[PDB]
Amino acid sequence: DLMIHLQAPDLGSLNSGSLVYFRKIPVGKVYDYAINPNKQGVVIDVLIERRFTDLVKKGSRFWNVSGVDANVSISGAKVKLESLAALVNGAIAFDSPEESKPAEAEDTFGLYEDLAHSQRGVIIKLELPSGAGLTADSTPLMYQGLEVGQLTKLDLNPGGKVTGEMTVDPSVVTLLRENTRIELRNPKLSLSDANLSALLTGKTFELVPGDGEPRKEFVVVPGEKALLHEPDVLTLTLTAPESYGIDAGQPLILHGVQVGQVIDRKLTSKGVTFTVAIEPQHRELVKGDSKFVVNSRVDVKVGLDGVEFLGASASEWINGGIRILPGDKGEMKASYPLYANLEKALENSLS
Amino acid sequence: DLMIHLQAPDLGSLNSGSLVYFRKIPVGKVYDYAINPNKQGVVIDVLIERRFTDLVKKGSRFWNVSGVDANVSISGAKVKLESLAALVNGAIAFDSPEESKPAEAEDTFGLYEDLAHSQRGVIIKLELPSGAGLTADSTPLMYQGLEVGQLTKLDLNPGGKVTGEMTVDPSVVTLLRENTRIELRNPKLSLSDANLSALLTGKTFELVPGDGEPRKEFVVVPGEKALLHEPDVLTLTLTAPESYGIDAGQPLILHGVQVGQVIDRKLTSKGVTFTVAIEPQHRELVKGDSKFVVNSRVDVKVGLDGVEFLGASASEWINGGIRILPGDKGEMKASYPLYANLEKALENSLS
Amino acid sequence: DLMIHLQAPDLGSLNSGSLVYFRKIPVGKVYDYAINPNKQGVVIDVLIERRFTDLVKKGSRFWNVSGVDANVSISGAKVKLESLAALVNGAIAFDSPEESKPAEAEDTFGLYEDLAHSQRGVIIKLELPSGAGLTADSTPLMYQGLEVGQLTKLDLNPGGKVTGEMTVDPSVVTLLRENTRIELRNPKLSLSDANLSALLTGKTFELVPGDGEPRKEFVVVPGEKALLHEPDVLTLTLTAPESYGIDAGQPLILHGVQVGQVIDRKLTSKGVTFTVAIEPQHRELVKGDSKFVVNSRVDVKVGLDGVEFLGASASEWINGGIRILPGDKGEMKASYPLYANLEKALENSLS
């Protein structure tokens, strides 16, 4: 027989004589339990049967299957009663890996509290902005619309620094590399596709891959700020004497299509300084010379022969933002001015 | 063996012979129970086993784990059946701290009714405005989006004075100091981020830290009023002959960006007197001389050569509030006038 | 031993041999039960133990704890299974007050059906308008946002007169006095604070205190009418030849701020007579002379040099109501006219 030790933070629903499973086959039983010298944890020593000993490995993980847990899920709640024997007495299930040395001679093991906590994978440290919609064991990592990871830990370090960590699977671990971003998605209001599922899930970690050296720790930034930290991005600080009603997250439009986004708005004594960003595809297309025109205000001129509507359209007005007048050749200077309307941008009159 | 006394307000689901746990290990049993001379409470005396005696400390807390409690939670309701033995007979669990003297010789203990009531921490007294959305054991203290505290008590003192108290954890207790504000957040309607969780939680205590001497009692004010009690803030009483449709909580705008907020509106016999406030960052930027223009009313002038739209924009009109015309140098006088539109503010004609 | 009688409207889940609790300690048992000579009620006589006899008092209340009751509550439903012994056989719990004579010699007692029905307090009779959203045991009395009372009875007397009664706690009983109003609140639609709790609760009795002799019966009026019955209030009957689109509950505005409310609109053969009311603070401020101008209609005049927008603003138009032009000195006469717009009020031309 095999006499191995398990280290648990508490005994749980396990009694002496409760049963140990492999593939839901009883292959042993719990022999004894005792508090170790430190008050922190309970050591539970179990006894595998003589013929089953080979099953346990050095790289085995043991988990606890005891009691009935009921889950309420969106789009229907499937409550299934799998194992009746675990209710009365409790149980411990375990996995056997492919290639590992067989365990022997009172080898210790951590006892995970669930099958989901005993999933293999790689710990990935995150430096989160806030834990506003994040949950300790309930926030997933999406990639291509599929659940790849799970936020497994969320702490508030002193100094006001929210940090967490995440278990990601191996196939994605190969994907993880330098300049690979993890940004949090808000459950944004969708008008074209009416889905309750996105609203119910809440915050959602999105993975966008990159190339370079493999890294195992990332920094998460807010969705508005997320654009700034792209591998390729163009960051322009543009000045203006007034905000002109341009908020921090307005879209930024060239030739009718959104090519960039305003990132943030800072008020100074000289005026309002914006910091806008630009995507890689259109980085070539700006070409270092441009004019910047406000689309947040409407302008109507009435006349007997001259009738004109300037600087906005109703869809553009509700969207708002900054319009680009692209030029032919330039040096991509640091500061640009923000013109009040189009004709003052053609006149080059910022006053 | 150890023979200690527990003081409970009622017996609960505990019978004689019910079981006492440490880390869910049975380490004793309930020996007897009797009403003490005052009718108020029940004294339950228990018996720890001889070898387990060392586990009990002077700083131990005992709590009650008996019966089945089912919780319905937003985004899914996880009902887990942990302990079967507590249903039939009842149980008492207890904690052992790190450094305390061992208890002996019929030492009394308070019996908490739950694990959540037996959490360690520091009582923080609050002087609340009202208990409109507050709950006795269900209102949390957020800090950086994480649950830090729990409103544990809510009373209505005579004179119409709602006061409560709160258990906060030690790491935050270090943070708590003079000029550290606790303000209540309303579940405000969010258009950009659609989250059901904020609406379901309701009122929410937000912690914003400050520096100075550590204090252990605070005064909570309503969210609109909360701005006024900041460590650094500028409070201007500005007069006007009419409200001009400016409500008590309108935003207050310099150069297009909100720099302050109107706090409250008082009607007098001379007119309408507002009291507006100003954030620390823009306190330097006002510089003691300014003009104050209403943004709540639209003004259209039609003409053959003169066409103009004055004092408002559609987003500004729905937002409303007061616009600042900043000056160069002044003394930051007490009273300011509120001009009806911009050209009367340039003409300095308040009539 | 003590042999006392209980009078219940029916036996309930109580059997002979069911158990009697004090602080959930078994201190007796049910001895027998028999129908009394009138068919109305069942007399249940119980037997307290010899040493426990002192516990029962003249001012004791006995209540019934039998069966399992499950409650579904908003923001989560906490179903807790407290007492297992009451399910099979039934139970009776009781309270012992602080200062009362001990009961003896077959003293009768009413048996309340629940712990909530056995709460101490003072019966307060209410003369309700209707029971449209009221519930027999589920409508609370709020004071400062806290639950103070509970509507315990709701009857329809002949003649179409809905009357109910309410148990209020002692501390508030000290507050209850002459000119202290109890008005019912509707779950009004709130745009600034999104709370599901207010909508789910429904109708809600609000307590506003006053001074004078203590009274124990009140008259509840509808929320619109409630203003009229204030301790200090100004009631003006103002005439008009047309309603001008002014509904029964429009706000009434001086200097941009709401100082009063229209109470009701009555159509006569001469015209439309309104009855508006005025709050105590602004009662001094009207000063007996004023003009009354409709804010419910817009007026646009177009001209080459004269452009003007008269009698309304978009927020005022959606709000509607009556505007005051305050005067210097008057006698506070009974009837006032309602002018169609502002310039006819300055011309004093009601035709």
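Residues numbered from 1 in each chain as written, not as in the entry; some residues may be left out. Chains lettered and ligands numbered in written order. Part of a larger assembly, values for the part shown. Heavy atoms only, no water.

This deposited entry lists cryo-EM as its structure determination method and 3.43 Å as its resolution.

A. Region of interest: the overall build of chain A. Helix and strand content of chain A: seven helices and 24 strands. A compact globule built from 351 residues should have a C-alpha radius of gyration of about 20 Å, whereas chain A, at 30 Å, is more than 25% larger. Its C-alpha atoms give chain A principal-axis dimensions of about 100 × 40 × 35 Å. Taken over 351 residues, chain A has a buried fraction of 36%. Within chain A, contacts between residues separated by at least 24 positions form 68% of all contacts whose residues are at least 6 apart in sequence. If you sum the accessible surface of chain A, you get close to 19,800 Å²; carbon and sulfur atoms cover 52% of it. Seen as two clouds, the 36 positive and the 46 negative side-chain charges of chain A have centres 2 Å apart. (Helix = DSSP H or I, 4+ residues; strand = E, 2+ residues; numbered from the N terminus. Rg over C-alpha atoms; globule rule 2.2 N^0.38 Å. Buried < 20%, exposed > 50% of the residue type's maximum accessible area, 1.4 Å probe, protein only. Contact = heavy atoms within 4.5 Å. Areas by Shrake-Rupley, 256 points an atom, 1.4 Å probe, with all protein chains shown as cover. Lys, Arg positive; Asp, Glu negative; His and termini not counted. Charge placed at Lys NZ, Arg CZ, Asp CG, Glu CD.)

B. Structural detail: the packing of aromatic side chains. Counted under the stated rule, the structure contains 12 aromatic pairs over all chains. A centroid spacing of 5.3 Å and a plane angle of 40 degrees characterise the contact between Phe22(A) and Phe94(A), whose relative ring orientation is tilted. One end of the pair, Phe22(A), is in strand β2 (residues 19-22); the other, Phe94(A), is in strand β7 (residues 91-94), with 72 residues separating them in the sequence. Judged by relative accessible area, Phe94(A) falls into the buried class, the value being 3%. Aromatic side chains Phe62(C) and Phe94(C) sit 5.0 Å apart centroid to centroid with 25 degrees between the ring planes, which places their arrangement in the stacked category. On the criterion of sequence distance, the pair formed by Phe62(C) in strand β5 (residues 62-64) and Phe94(C) in strand β7 (residues 91-94) is long-range, its members being 32 residues apart. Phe62(C) gets classed as buried once you look at its relative accessible area, which sits at 1%. Counting every residue linked through ring pairs, the aromatic cluster contains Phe22(A), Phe62(A), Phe94(A) and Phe109(A). (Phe/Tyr/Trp six-rings, centres within 6.5 Å; stacked < 30°, edge-to-face > 60°.)

C. Focus on the interface of chain B and chain A. Contacts between the two partners involve 34 residues from chain B and, on the opposite side, 42 residues from chain A. In total, about 3,400 Å² of surface goes out of reach between chain B and chain A, with carbon and sulfur atoms giving 60% of it. Taken together, chain B and chain A are joined by two salt bridges. For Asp10(A), the salt bridge is made with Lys24(B), and the minimal N-O distance between the two is 3.2 Å. Where chain B meets chain A, there are 10 residue pairs in polar contact. Looking at the side of chain B that touches chain A residue by residue, the classes come out as 18 nonpolar, nine polar and seven charged. Where strand β6 (residues 69-70) of chain A lies against strand β7 (residues 79-80) of chain B, two bridges are found, and the strand directions are antiparallel. Paired with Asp69(A) across the two strands is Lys80(B), which belongs to β7(B). (Buried area = accessible area lost by both parts, 1.4 Å probe. Salt bridge = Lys/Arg side-chain N within 4 Å of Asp/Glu carboxyl O. Polar contact = N/O pair within 3.5 Å; in protein donor to acceptor, adjacent residues only side chain to side chain. Nonpolar A, V, L, I, M, F, W, Y, C, P; charged D, E, K, R; others polar. Pairing = 2+ DSSP bridges.)

D. A look at the pairing of strand β4 (residues 42-48) of chain B. All names here are of chain B. The buried count for β4 comes to seven of seven residues, which makes it a mostly enclosed element. Of the two faces of β4, the one carrying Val42, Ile44, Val46 and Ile48 and the one carrying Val43, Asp45 and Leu47 are both buried. The sheet contact formed by strand β1 (residues 2-8) and β4 spans seven bridges and is antiparallel. Across the sheet, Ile4 pairs through a bridge with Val46, a residue of β4. Linking two consecutive strands that pair antiparallel, namely strand β3 (residues 25-35) and β4, is a turn of six residues.

E. How the structure looks around the sheet that holds strand β17 (residues 234-240) of chain B. Residue and element names in this part refer to chain B. If you trace the seven strands from one edge of the open sheet to the other, you get β21-β24-β18-β19-β20-β17-β25, paired in mixed fashion. In the strand order of this sheet, the two ends are held by β21 (290-294) and β25 (335-337), each with one partner. On average, adjacent strands in this sheet sit at an angle of 35 degrees to one another, irrespective of strand direction. Where β17 lies against β25, three bridges are found, and the strand directions are parallel. Residue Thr239 lies in a different strand from β25, and its bridge partner there is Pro337. (Axes fitted to C-alpha atoms, helices over the stretch in contact; angles between N-to-C directions.)

F. Spotlight on the pattern of salt bridges. Residue and element names in this part refer to chain A. Taken as a whole and judged by the stated rule, the model has 25 salt bridges over all chains. For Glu127, the salt bridge identified is with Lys161, shortest N-O distance 3.2 Å. Of the two residues, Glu127 sits in strand β9 (residues 122-127) while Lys161 sits in strand β12 (residues 161-168), which places them 34 residues apart along the sequence. It is possible to trace a salt-bridge network through shared partners that takes in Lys301, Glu308 and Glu343.

G. Representation of the interface of chain C and chain B within the structure. Taken together, the contact between chain C and chain B spans 33 residues of the former and 41 residues of the latter. For the chain C and chain B pair, buried surface summed over both sides reaches about 3,400 Å², with 60% attributable to carbon and sulfur atoms. When the shortest N-O distance is used, the salt bridge between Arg323(C) and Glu242(B) registers 3.9 Å. Of all the elements in the fold, those that place two or more residues in the side of chain C that touches chain B are β3 (25-35), β6 (79-80), α5 (280-286) and α6 (314-319) of chain C. Residue composition of the side of chain C that touches chain B, by class: 17 nonpolar, nine polar and seven charged.

H. Expanded view of the relation of the copies chain B and chain A. Mapping chain B onto chain A leaves a residual RMSD of 0.0 Å; the transformation is a rotation of 60 degrees accompanied by 0.0 Å of translation along its axis. Seen this way, the second copy is the image of the first under a six-fold rotation axis. (Least-squares fit on C-alpha atoms.)

I. Here's a closer look at the sheet that holds strand β11 (residues 146-157) of chain C. Residues and elements named next belong to chain C. Spatially, β13-β14-β10-β11-β12-β9-β15 is the arrangement adopted by the seven strands of the open sheet, whose pairing is mixed. Unpaired on one side and paired on the other, β13 (181-185) and β15 (217-219) mark the two borders of the sheet. Direction aside, the axes of adjacent strands within the sheet are offset by 30 degrees on average. Summarising the sheet, strand β9 (residues 122-127) and strand β12 (residues 161-168) pair through six bridges and their orientation is antiparallel. Bridge pairing in β12 links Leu126 to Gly164.

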